[PDB]
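Presented below is the structure to which this report refers.
Cβ placement follows ideal geometry from the backbone for every residue including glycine, while neighbour counts extend to all protein chains displayed. Read the figures in this text as sums done on the coordinates, not as results from a lab.
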2 protein chains.
Amino acid sequence: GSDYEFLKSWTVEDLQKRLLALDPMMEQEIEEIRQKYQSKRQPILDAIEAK
Amino acid sequence: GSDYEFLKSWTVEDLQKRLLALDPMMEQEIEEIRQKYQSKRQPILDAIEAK
């Protein structure tokens, strides 16, 4: 529970720091999932390729 | 604690089920994050665009 509607009153420097930080926020989460599920998908490809 | 190495002896159907299920599985894990962060990004843009 936290709201960001008050960003309208924050300095350009404080809000900019959230915008740039928003990039590695979604990136880390996505890359990790892409890798983790790739780990789970890998043996599946390896299996069908061996039948 | 869930191994999927035994997949080498699965039927093409049992194996393929995991492969195809893997498609919407990652898609939903990622889109949830894209949606979530885009909602948090939206007010950040609005704030700088108002300065």
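State to the nearest 20 debye the size of the charge dipole of the protein assembly as shown about its Cα centre, where the only charges are +1 on K and R beta carbons and -1 on D and E beta carbons.
Details: 16 positive and 22 negative charges, 5 e Å.
That gives a dipole near 20 debye.
Arrange the following residues from fewest to most other Cβ atoms within 10 Å of their Cβ: B:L22, A:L15.
B:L22, A:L15
For the protein assembly as shown: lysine pairs with Cα atoms under 26 Å, gap of 8 or more or different chains, count?
21
Once you charge only the Cβ atoms, +1 for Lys and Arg and -1 for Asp and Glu, what is the size of the charge dipole of chain B about its Cα centre, to the nearest 20 debye?
Dipole size: approximately 280 debye.
Just name one of B:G1, B:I30, B:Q42: the one whose Cα is farthest towards the positive end of the charge dipole of chain B (beta-carbon charges, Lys/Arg +1, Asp/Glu -1).
Positive-most Cα among the choices belongs to B:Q42.
Calculate for chain B the 222 nm mean residue ellipticity that helices alone would give, adding -39,500 (n - 2.57) per DSSP H run of length 4 or more and normalising by residue count, nearest 500 deg cm²/dmol.
-26500 deg cm²/dmol
Among B:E5, B:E29, what is the fewest-to-most ranking by other Cβ atoms within 10 Å?
B:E5, B:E29
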